[PDB]
Amino acid sequence: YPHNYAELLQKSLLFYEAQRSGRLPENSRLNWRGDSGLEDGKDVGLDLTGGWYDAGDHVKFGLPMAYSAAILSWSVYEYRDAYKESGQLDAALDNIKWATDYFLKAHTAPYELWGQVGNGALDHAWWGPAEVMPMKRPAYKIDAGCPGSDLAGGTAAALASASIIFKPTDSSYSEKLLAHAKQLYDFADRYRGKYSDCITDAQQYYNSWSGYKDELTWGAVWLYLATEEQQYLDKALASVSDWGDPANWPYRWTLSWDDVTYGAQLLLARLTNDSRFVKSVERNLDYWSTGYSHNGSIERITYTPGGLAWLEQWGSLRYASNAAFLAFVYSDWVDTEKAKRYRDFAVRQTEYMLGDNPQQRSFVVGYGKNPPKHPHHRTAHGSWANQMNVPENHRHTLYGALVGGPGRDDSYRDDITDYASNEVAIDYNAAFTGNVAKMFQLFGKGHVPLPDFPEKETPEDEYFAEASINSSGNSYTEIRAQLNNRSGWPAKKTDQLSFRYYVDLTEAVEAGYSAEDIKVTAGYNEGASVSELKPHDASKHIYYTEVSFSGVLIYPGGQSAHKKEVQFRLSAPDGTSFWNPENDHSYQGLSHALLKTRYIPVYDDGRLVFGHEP
Ligand SMILES: OC[C@H]1O[C@@H](O)[C@H](O)[C@@H](O)[C@@H]1O
Ligand SMILES: [Ca+2]
Ligand SMILES: [Ca+2]
Ligand SMILES: [Cl-]
Ligand code: NA
């Protein structure tokens, strides 16, 4: 595949735009996303709208969100020129500001931080698009009486890092980010604890496995980079004493949403050249690349036969991308032979996930050769039936998403239910986005992004009636209709849907009758009101009944949620024999099987959204 790293970086940022919760701006690039989570924080009297959905679900998990914004800001701090020359600096700042704007709302008071919106079990029990979520979305906080030094520390890092990269274009937003970063760090430092002991729902999804000692160091050093005030470098270095004996610092994992030791020690290594950090960084990167030499033996992470450094089953590419980012950043600083070995490791790992692998395919949705088609993502899939296999293919392309990837034997299945293969997540793309920036710096000369991308897709039929003839005689027609909301461009809740069924009364007028002699009556009914005949075109004796489901919520969120049924009969007086459905507009093409018809127009709040009037 002819790689284009400006296009790739463009698409990675587009993934974060697909993860946006809240009210979306009118110039949003993704026409299949709409307003969602508009009531986030309403149960606690707060505007907590905005921010990112974590993955293919709709929980706003604060700890990996803070991590993701921090790593995204980190890469703009290291490679601002790459972002600029690829045309992606504006997009990168705009996407990071979505996250940091939300952190500013969540940081309601200096020692109070809202850290989750959405309950994991309630959110994950339902499969559908963000815009029509039907369940309650409770908000959860840490504060001084129930703290979270990891969450507060990591969010402080996100704000402090963002404050640096925003200073050139928006100094007063930078200063606001910085001021909150200092407050959140003091919260994390003064009130010690794991956030998942206080937002207990988080234990089941983003448990604080590593504790908070790494985020305290991470938040402090980012504050030092953002202020150059010695007090924060001292605090960072002092916090490192809680890491224990430097000879026992862990090195077999990597930078992740839970463990930022690897990021903090790297940053401190560049600032101090202290052997504690230099050796710990190189232990980790040796283990990941050519092997860590214990003088005696060589210790190395598992590699797949295809060449992927493979940490564990879930998010294997995320982990290799995370390691490649540390390698890239360290190899831009260190002067030793390590710099070459680590740089080659990072390039090779990045080339693997971009297509150079035994599957011969890109693992980035919408990019490269044979990319993943079924990422585990509710809104991009666009189900109206609360079913992962309906529709059989995704309605929307989730451009830029790095999927979980292969197992330790390079095996991989592009299947919406294969979570280990096809999970997508904001933390998955965070370091990866920076690596793409680096790949553009290294190999992207003359690469330009895609103009006016993506093109808006023509929607499928989103609102429509399926209708059938119950029976029809010489004095009546009885219709069965199911009114559908299968919206996806974007999905939308509708509670003011209606339709009109049109008839021609010429044969009635010729027999000496009029619309006054036709009675329209509802039978089996799921909350609809059925009107008597109203004129559409009096000169041609065209009339319609208005069938209204006013106040009934219909939405693409389940087998029963997406449709409502009404059966209705149009009756001439009993014993008359003039009634003729064959010239009736909305009778055309109907059979006795329920079937979509374009001749029963559908309306939402009075606005025509489907079908044709006579
Ligand atoms: O299980 C790993 C262990 O390996 C030993 O060689 C180290 O001295 C320990 O610090 C470490 O915990
Ligand atoms: Ca931690
Ligand atoms: Ca007729
Ligand atoms: Cl349902
Ligand atoms: Na497909």
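Both counts, for ligands and for their atoms, begin at 1 and track the order of listing. Position 1 is the first residue of the sequence; numbering continues from there.
A salt bridge is defined here as a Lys NZ or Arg NE, NH1 or NH2 lying under 4.0 Å from an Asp or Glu carboxylate O, and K492 with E131 fails to meet this definition. Electrostatic pairing of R276 and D274 counts as a salt bridge here, judged by a charged N lying under 4.0 Å from a carboxylate O.
Shown are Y67, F61, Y195; of these, the ring pair (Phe, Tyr, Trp, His ring centres under 6.0 Å) with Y206 is made only by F61. Residue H381 is tested with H394, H374, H376 for a ring pair (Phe, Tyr, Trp, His ring centres under 6.0 Å); the sole match is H394.
The Ca ion (ligand 3) sits nearest to atom O when only the N, O or S atoms of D504 are considered. Nearest N/O/S atom of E507 relative to the Ca ion (ligand 3): this is OE2.
Distances from the Ca ion (ligand 3) show that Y587 has no N/O/S atom below 3.0 Å. Among the atoms of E582, none of the N, O or S atoms falls under 3.0 Å from the Ca ion (ligand 3).
By the definition of a contact as any protein heavy atom under 4.0 Å away, atom 10 (O) of ligand 1 is in contact. Within the 4.0 angstrom cut-off, atom 1 (O) of ligand 1 has one or more protein heavy-atom neighbours.
Figure legend: cation-pi geometry between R300 and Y303, with NZ or CZ positioned under 6.0 Å from the six-membered ring centre and within 45° of its axis.
For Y555 and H562, the distance between ring centers is not under 6.0 angstrom.
Vertex the Ca ion (ligand 3); arms to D584 OD1 and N580 O; angle rounded to 10 degrees, 100°.
Under a 3.5 Å cut-off, the side chain of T494 and the backbone N or O of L497 do not form any donor-acceptor pair.
Of the protein's non-hydrogen atoms, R252 NH2, 4.4 Å is the one closest to atom 3 (C) of ligand 1.
Heavy-atom proximity to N248, at under 4.0 Å, picks out these atoms of ligand 1: 10 (O).
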